[PDB]
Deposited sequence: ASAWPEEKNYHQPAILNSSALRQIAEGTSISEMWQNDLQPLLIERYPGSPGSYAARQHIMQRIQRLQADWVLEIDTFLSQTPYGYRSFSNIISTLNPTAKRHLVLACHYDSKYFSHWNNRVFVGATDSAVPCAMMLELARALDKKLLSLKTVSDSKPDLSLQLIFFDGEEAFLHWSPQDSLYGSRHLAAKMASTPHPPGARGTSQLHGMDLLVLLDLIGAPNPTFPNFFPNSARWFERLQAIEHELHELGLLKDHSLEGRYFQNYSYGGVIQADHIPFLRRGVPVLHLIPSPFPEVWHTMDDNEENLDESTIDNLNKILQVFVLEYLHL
């Protein structure tokens, strides 16, 4: 009986030296992400809407144009909602589908439904169009390195549909896409042909980007079983800072601070956390002041903070994958 699902417990990063850190900092472009990955997503895209369809096509097209061998899958399902039965579609993008282990980055691509108010439309810029754009920019910036994957370990991106409640949060009205996908992965043998391990055993770590894009985010270290990876984010941020590779950034105002949060935050990681998947929840506490208001828009995003986080995230992923 193979002990491969335990490998994630001992997995260590392959740390980048200074010359490599400068290369990564220079290889990501916040302006290109802004124009080509983010702006197209800053539209009304609640589940089942025309914008949901447009967001999904945009995400798939941006992944499809890359050199790395991404395999795209649309996980479409029905769920009861306060408005009756509806259809939802999670987007899953995977490098090396049969590899046993994957580091997984995730966000939700739906936007919360609101009827238009005084000609304003809710586009959830931090929630979570920016996280979506960061995943696409990471795939683009690291494309050459990811092409080399073509430790039986690779990368997977998941864009959840239906994270938001159609009304206000309730156990049954929220997390539609993640509750569905977690159950599906838990009941899917992995790798193909396995007798007793599932796709969830294959998830090394679920890194969920959430509510990112506002000024001065502070991310708490939520879980003891991913604490050592939170510490790696702290170390990466500190070194990129010391090398002068971050913009408008100080250690007093660092993003990854030494501090826990004992409460529960309802989000897409929950259905995975409750089935035993290690999670690194990159959500700030407190939430952006514009949370769930029409002001969660492009104008209120902090460009240099998103740029700094792109650099930190890309370095984390390369180090985790030994690339």
Ranges missing from the model, given as deposited sequence positions: 151-156
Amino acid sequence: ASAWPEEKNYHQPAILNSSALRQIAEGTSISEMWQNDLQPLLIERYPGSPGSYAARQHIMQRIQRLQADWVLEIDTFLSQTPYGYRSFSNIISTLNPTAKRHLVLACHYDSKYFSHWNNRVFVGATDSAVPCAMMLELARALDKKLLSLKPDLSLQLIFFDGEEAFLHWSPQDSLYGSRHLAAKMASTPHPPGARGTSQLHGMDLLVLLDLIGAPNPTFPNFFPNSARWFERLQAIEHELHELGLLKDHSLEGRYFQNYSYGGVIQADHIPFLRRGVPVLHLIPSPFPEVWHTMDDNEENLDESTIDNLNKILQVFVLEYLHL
From here on, numbers count along this sequence of modelled residues.
Segment of higher mean CA temperature factor, 100-108 or 71-79: 71-79
Mean Cα B-factor comparison, 60-68 or 289-297, giving the higher one as deposited: 60-68
Residue selected from 219, 114, 160, 229 by maximal Cα B factor: 114
Record-listed C-alpha B factor of residue 145: chain third: highest
B-factor third for the C-alpha atom of residue 317 within its chain: lowest
CA B-factor ranking of residue 196, expressed as a third of its chain: middle
Among modelled residues of the same chain, the CA temperature factor third for residue 304: middle
Ranked C-alpha temperature factor of residue 121 among modelled chain residues, by third: highest
